[PDB]
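Okay, so here's just one chain, in structure tokens, the form deposited in one PDB entry.
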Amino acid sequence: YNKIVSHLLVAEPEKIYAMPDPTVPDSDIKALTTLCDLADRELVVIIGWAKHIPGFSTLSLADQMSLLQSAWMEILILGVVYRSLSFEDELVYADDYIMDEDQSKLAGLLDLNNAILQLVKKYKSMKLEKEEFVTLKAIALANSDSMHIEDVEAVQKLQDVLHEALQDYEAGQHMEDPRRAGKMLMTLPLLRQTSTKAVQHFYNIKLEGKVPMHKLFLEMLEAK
């Protein structure tokens, strides 16, 4: 099938472990510290992953950073969603960090994780494929609606290149549903809504100062 889709598949990062500290008593602070540490390490590999997207590295460094600063949490959440598709009412943040309802309550994340489970529910019914997941991650990056873009036309071109890949993939692989590509695009509003909820929640955790956060995570959290 589509070459961009195949390329994004081989660019997919390896799995990352959460490694919650086994000497630390379980608590909301422990769970939040674990999740923010995991996100920081995922962000490093997301930056390297974006360089494989056709045309992304030819944008200015400022535009690359603007797209990443608007899309980072959407990309993180799409990953948790995809890893959770074969599970029931549980979120696979990592193979060693699967959160059920009790753990979400203990971490103060019941509302956020329920929103992520709503994304999981919809993608389960659509039978989301890995090919579609990686293409939607790239589209979410290109379509992230930063207020600070310098080269608006180049970013629109990147959007068009990735949208074309999704449409070509669906036309060849899903002839039984001529509207499947658009159904995939119609899942992006809930992803944007859930990501905004997560950014706001963890910005407030940052303000309270009880959960340590690393530099790259803090950089994304403090972006305008």
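Start at 1 with the first residue shown and count on from there. If you superpose the two forms and keep the largest set of C-alpha atoms that fall within 1.5 Å, you have the rigid core. Residues that one form lacks are left out of the comparison.
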Higher-scoring stretch by recorded Cα B factor average, 96-104 or 140-148:
96-104
205-213 set against 10-18, stretch whose average Cα temperature factor tops the other in the entry
205-213
So, residue 55's CA B-factor, relative to its chain, sits in which third? The middle
Please say which third, lowest, middle or highest, residue 178 falls into when its CA temperature factor is compared across its chain.
middle
Lowest, middle or highest third: where is residue 91 by Cα B-factor in its chain?
middle
Please place residue 26 in the lowest, middle or highest third of its chain according to the CA B-factor in the PDB entry.
highest
For residue 62, return the chain-relative third of its C-alpha B-factor as stated in the PDB record: lowest, middle or highest.
highest
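What comes next is about the form deposited in another entry, which does not appear here.
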Answer yes if the Cα of residue 208 shifts by 2 angstroms or more between this form and the one not shown on a rigid-core superposition, and no otherwise.
no
Quick one: residue 51 and residue 13 C-alpha atoms, closer or farther in the other form compared with this form (3 angstroms or more)?
farther
Indicate closer or farther: the Cα atoms of residue 11 and residue 37, in the other form, relative to the displayed form, with a change of 3 Å or more.
closer
Core-aligned, C-alpha shift of at least 2 Å, runs of at least 3 residues: can you list them between this form and the one not shown?
10-14, 20-25
